[PDB]
Amino acid sequence: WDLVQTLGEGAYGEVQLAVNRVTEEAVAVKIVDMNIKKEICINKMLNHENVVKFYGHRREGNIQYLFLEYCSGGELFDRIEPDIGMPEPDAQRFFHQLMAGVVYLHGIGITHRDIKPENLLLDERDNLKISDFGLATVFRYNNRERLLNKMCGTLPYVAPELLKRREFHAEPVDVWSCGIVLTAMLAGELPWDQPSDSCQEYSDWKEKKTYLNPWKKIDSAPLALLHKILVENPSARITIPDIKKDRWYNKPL
Ligand SMILES: C[C@H]1NCCC[C@@H]1Nc1ncc(C(N)=O)c2sc(-c3ccccc3)cc12
C-alpha cells in the first residue's frame, strides 16, 4: 500500500488514505501507537451496511494498523451548515440509517458510547456508516444485561443520567446521542453545552420554551419526535422500536 494522504489526525493517532500499488483499490488505514485492543476486538464482531467495514489489522512493533473501508463522502459533521443544518429530507434519510446501525449494534449487545457527527461517515453514495469503536463495549452477555458506569463521550452529546447516576442502562445513552445528532442536522446548532439544570439552554428545553433557538428552526413533526427522545428520565425516554413507529420517522419526504 501507498499512503496517499491524511484523512484525520488527533491525540488517538491518525487515519490515512491508502491506494493499492497494483489494483488501485482505496482503503482507509487507522494508525495507532500503543483501548485499541478493545477497538480491534469490537470490530471483529461487526457485519452491517451502516457500520464502517473492518478488513483486518496488523501490528508492526508497537504500532497498530486497522484496515477499514474508505468512506469518500467524509464526516456527517461537514454536511451540517453552522446555524442552518441541512434540508429536512436529508436529515430524515441520515437519521433512518443511523437508527439502522444502532439497532444492529444493540442487537449483538454492543453500545458505541461516542455517537456524534464527527464519528459518522458517508460513503460514495451518501450512505451513513457508524465509525470509531474505541469507546465501545459489551452491555449484554446472553439475554443478560449489565449496567454501565463509564463517563464516555463529549458533554453536548451525553445523556443526563451520566452526570447523575452511579450506573445506568446502555441503550438509552445511545438513543439520547442520536437525538442530539438529529437536532444538529435540522438546525445546525447544539441545543446545550451540558445536559444539566445548571445549563440555561437545558432548563429552557425542559420548560418547553421552543420559540427559542435551535427549536424555532425545527418543524412541528420532527420536534415532536425530539420531545420523545430528549427526555431526562432514561426509563421514560422513547425506545428504538417506538422511534420506528413515530409519525415524522414514517413520513415520506
Ligand atoms: C470519522 C472520523 N472520526 C474521528 C477520528 C477520525 C475519523 N476520520 C476518518 N476515519 C475513517 C475513515 C474511513 N474509514 O474511510 C475516514 S474517510 C474520511 C474523509 C473522507 C473524505 C473527506 C474527508 C474525510 C475521514 C475518515
Side-chain angles (χ1 to χ4, degrees), residues 1-21 23-59 63-82 86 90-91 93-95 97-102 104-105 110-137 150-158 173-174 177-178 180-182 184-185 188 190:
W1 300 93
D2 290 326
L3 299 173
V4 167
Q5 73 194 41
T6 305
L7 291 169
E9 245 190 306
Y12 69 93
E14 68 182 296
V15 180
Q16 284 286 323
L17 170 70
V19 174
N20 202 264
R21 188 199 168 175
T23 70
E24 292 190 338
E25 187 197 9
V27 301
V29 188
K30 186 173 194 174
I31 309 167
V32 290
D33 187 350
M34 286 172 285
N35 300 304
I36 189 59
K37 197 182 178 181
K38 209 160 171 199
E39 186 172 345
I40 295 154
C41 178
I42 293 293
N43 266 285
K44 286 167 171 186
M45 296 175 74
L46 312 180
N47 185 30
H48 195 273
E49 279 184 5
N50 300 102
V51 171
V52 172
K53 196 185 245 190
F54 176 77
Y55 299 134
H57 80 103
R58 280 165 206 174
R59 180 179 176 164
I63 307 153
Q64 285 281 3
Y65 294 83
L66 273 66
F67 301 94
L68 300 151
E69 80 170 303
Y70 175 51
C71 299
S72 69
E75 296 182 4
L76 178 67
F77 179 92
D78 293 310
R79 301 298 180 96
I80 300 161
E81 182 168 15
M86 66 175 73
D90 295 342
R93 191 182 160 274
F94 296 133
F95 193 70
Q97 295 177 92
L98 174 59
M99 279 294 109
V102 174
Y104 168 79
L105 301 167
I110 310 298
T111 177
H112 187 273
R113 303 194 292 184
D114 204 22
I115 300 161
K116 59 184 171 161
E118 304 95 317
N119 292 337
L120 298 171
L121 286 159
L122 306 178
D123 74 358
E124 72 290 344
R125 290 162 285 151
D126 269 356
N127 295 131
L128 185 148
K129 287 158 179 287
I130 300 167
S131 184
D132 300 288
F133 291 86
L135 298 191
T137 198
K150 302 281 132 49
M151 308 294 276
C152 304
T154 297
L155 272 166
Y157 299 94
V158 308
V173 176
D174 284 332
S177 58
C178 291
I180 305 290
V181 169
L182 180 55
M185 294 192 292
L190 289 171

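Side chains are part of it too, since the values below use all heavy atoms of this structure and drop only hydrogens, waters and symmetry mates. Each ligand, and each atom within it, is numbered from 1 in the order the structure gives. When a residue number appears, it is its place in the shown sequence, counting from 1.
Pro156 and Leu190 make their closest contact through CB-CD1, 3.8 Å (heavy atoms, listed as atom of the first residue, atom of the second, distance). The nearest pair of heavy atoms linking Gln97 to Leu128 is OE1-N, 3.1 Å.
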May I have the N/O to N/O pairs between ligand 1 and the protein that fall below 3.5 Å, each with atom names and distance to one decimal?
from: ligand 1; atom 1: 3 (N); to: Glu118; atom 2: O; distance (Å): 2.9
from: ligand 1; atom 1: 3 (N); to: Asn119; atom 2: OD1; distance (Å): 3.3
from: ligand 1; atom 1: 3 (N); to: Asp132; atom 2: OD2; distance (Å): 2.9
from: ligand 1; atom 1: 14 (N); to: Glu69; atom 2: O; distance (Å): 2.9
from: ligand 1; atom 1: 15 (O); to: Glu69; atom 2: O; distance (Å): 3.3
from: ligand 1; atom 1: 15 (O); to: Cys71; atom 2: N; distance (Å): 2.9

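Counting heavy atoms from C-beta on, the side chains of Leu66 and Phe54 come closer than 4.5 Å. A heavy-atom distance below 4.5 Å is found between the side chains of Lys30 and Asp132.
Listed by chain and number, the residues in a ring-ring contact (aromatic ring centres under 6.0 Å, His included) with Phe133 are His112 (sequence neighbours excluded).
Cation-pi geometry between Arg58 and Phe67 is met: the NZ or CZ atom falls under 6.0 Å from the ring centre, inside 45° of the normal.
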